[PDB]
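Note that each Cβ is placed from the backbone with ideal geometry, even for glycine, and that neighbours are counted across all protein chains shown. Please treat every number below as a calculation from the coordinates, not as lab data.
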Amino acid sequence: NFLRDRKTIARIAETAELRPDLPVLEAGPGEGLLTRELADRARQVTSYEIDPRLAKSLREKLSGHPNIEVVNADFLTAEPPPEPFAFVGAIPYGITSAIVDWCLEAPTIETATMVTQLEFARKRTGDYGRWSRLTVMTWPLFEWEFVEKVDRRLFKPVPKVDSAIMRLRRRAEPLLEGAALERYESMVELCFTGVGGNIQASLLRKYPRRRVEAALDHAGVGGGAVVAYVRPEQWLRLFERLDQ
């Protein structure tokens, strides 16, 4: 699926929050129009194309841009650069979670701007109230933002479902660090298993009743809340009170 709509392509490039001293890594470059717009704004673009024939034609198509390099390789086995950078990608359906993990694990990444299936982006950004476990776990380190829906008819060939632009931003200052962050991650893990039936019952496996009740109230969360509908700001408040 190749995005052809010029307005959406420009929206992606502007979403990436690029600047002249920041390099970009790109995956799923397709026709390379987006690559041109990224190269206009960033220090340089390194664009990954796994297919050797497509890599060669893309390299020639973009040879009028000296700050574009095309790498004939699988992006998923690429190492991130040891300097701040941004990722931009149009991600096929079957490797979306793996690309997200690639970005979450790159310690110098600033932003990751991705075109994904619509439902994937909504879950990972809580756009309709339901929250991914990974989003909650990484919220102290990353912002997850839903940018916009992208209608199927803007691609070629036209797919079956709609897409979306979503963005990760690595926070300049993490909301938690060190052992406190680990204690937060342990709390989130504990609650997403569902042991005991409800979030209150799960928390009671690790924390005293008096403190659990105080923490739920502090966070504005009911003892029987559906775990997936607790918001990240509520998880932080819950941990704040529990960790005293």
Three-way shape label, segment 178-244, alpha-carbon gyration tensor, a/c 1.5:
rounded
When the convex hull of the C-alpha atoms of the chain is computed, what volume per residue in Å³ does it have?
129
Under 25 Å Cα to Cα from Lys61, which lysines show up? Leave out anything in the same chain fewer than 8 places away.
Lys7, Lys156
Quick one: grab the alpha carbon gyration tensor of segment 118-207, order the square roots of its eigenvalues as a ≥ b ≥ c, and give me rounded if a/c is under 1.5, else prolate or oblate depending on whether a/b is larger than b/c.
oblate
Check the straight Cα-Cα distances from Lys160 and name the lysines below 17 Å, setting aside those fewer than 8 residues away within the same chain.
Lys149
So what are the ³J(HN,Hα) numbers for segment 139-150, from phi and the Karplus equation (6.51, -1.76, 1.60; θ = phi - 60°), rounded to whole Hz, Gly and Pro as x?
3, x, 10, 10, 7, 10, 10, 8, 8, 6, 6, 10
Which whole-Hz ³J(HN,Hα) couplings does segment 169-178 yield from phi under the Karplus relation 6.51 cos²θ - 1.76 cosθ + 1.60, θ = phi - 60°, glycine and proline marked x?
10, 6, 5, 4, 10, x, 6, 9, 9, x
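Quick one: which of 236-244, 175-183, 160-168 comes out on top by average Cβ neighbours within 10 Å, and what's the full order, highest first?
Listed from highest to lowest mean packing, they are 160-168, 236-244, 175-183.
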